[PDB]
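Listed next as structure tokens is one chain, alone, in the form deposited without 4-pentylbenzenesulfonamide (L4K).
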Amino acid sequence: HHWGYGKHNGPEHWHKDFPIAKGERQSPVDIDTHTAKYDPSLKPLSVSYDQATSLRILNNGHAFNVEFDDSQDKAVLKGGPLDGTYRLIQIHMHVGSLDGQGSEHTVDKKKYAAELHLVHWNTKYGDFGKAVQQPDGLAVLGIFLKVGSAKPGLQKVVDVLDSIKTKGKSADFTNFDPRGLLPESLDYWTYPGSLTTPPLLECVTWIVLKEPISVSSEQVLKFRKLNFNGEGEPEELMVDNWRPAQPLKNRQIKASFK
């Protein structure tokens, strides 16, 4: 079998195949707002998704993933704690089975209904594959999801979920603007971490937005209708595909806001 989120292959088994799962810079972590350090020396975050170019959306059996053309600097992330340019390559979602869970990062132990991960990689490394092998190769943008008013930017994804219900299924997803997935405020917390799924490489500079985005009940409901399984196998709803919080160790979490 493969790694996953089930009893016999979930986050608790990962360390056997990827020993780094027990490393010193593992993600996600809990964000204790009473001890996070405000650092007024962080250049403002710069999100430039003006010429963004999405390609397709896919169900790899772990989540839905929207792939982007990262051959050029069309949709990048700079500023904040980042040095250089980071190219957006993919966006996926971690969701729960209940509104009270689903996010990977937590704030004062509170879990959100879901967490969006916008994955970017350092252009000083040539490509994603080379980037994941560097302590500062990736820059992932995390956005918490909370039930409220429907998010138009997410409705685009919601409307195609039917076509990619099972593992391995993919659909064309061009003309998708990721700007519609952001909240109003760009305030964030940041700390050095890793990928949250195998190979769990400690190559990412985490940027987690303080302000979640709102999604309607109908939308969140549709985001839980996807399947972990491939067509024809016993149906396993793709819910609770999140890795719990990991030991922060001596890492310091910094806030961009007072």
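One-based numbering along the sequence shown.
Not pictured, yet referred to below: the form solved in complex with 4-pentylbenzenesulfonamide (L4K).
- Transferring 4-pentylbenzenesulfonamide (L4K) from its position in the deposited bound form by superimposing the surrounding C-alpha atoms leaves no ligand atom within 2.4 angstroms of any backbone or C-beta atom of the displayed chain; the site is open.
- 4-pentylbenzenesulfonamide (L4K) is not drawn, but in the deposited bound form it has no heavy atom within 4.5 Å of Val47.
- Contact annotation for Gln90: at least one heavy atom lies within 4.5 Å of 4-pentylbenzenesulfonamide (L4K) in the deposited bound form.
- Contact annotation: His94 falls within 4.5 Å of 4-pentylbenzenesulfonamide (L4K) in the deposited bound form, judged by heavy atom distances.
- Though the partner is left out of this view, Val29 does not reach within 4.5 Å of 4-pentylbenzenesulfonamide (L4K) in the deposited bound form, counting heavy atoms only.
- Among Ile164, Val140, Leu77, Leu181, the residue placing a heavy atom within 4.5 Å of 4-pentylbenzenesulfonamide (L4K) in the deposited bound form is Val140.
- Interface residues of 113-147, taken as those with a heavy atom within 4.5 Å of 4-pentylbenzenesulfonamide (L4K) in the deposited bound form (partner not displayed): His117, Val119, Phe128, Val132, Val140, in sequence order.
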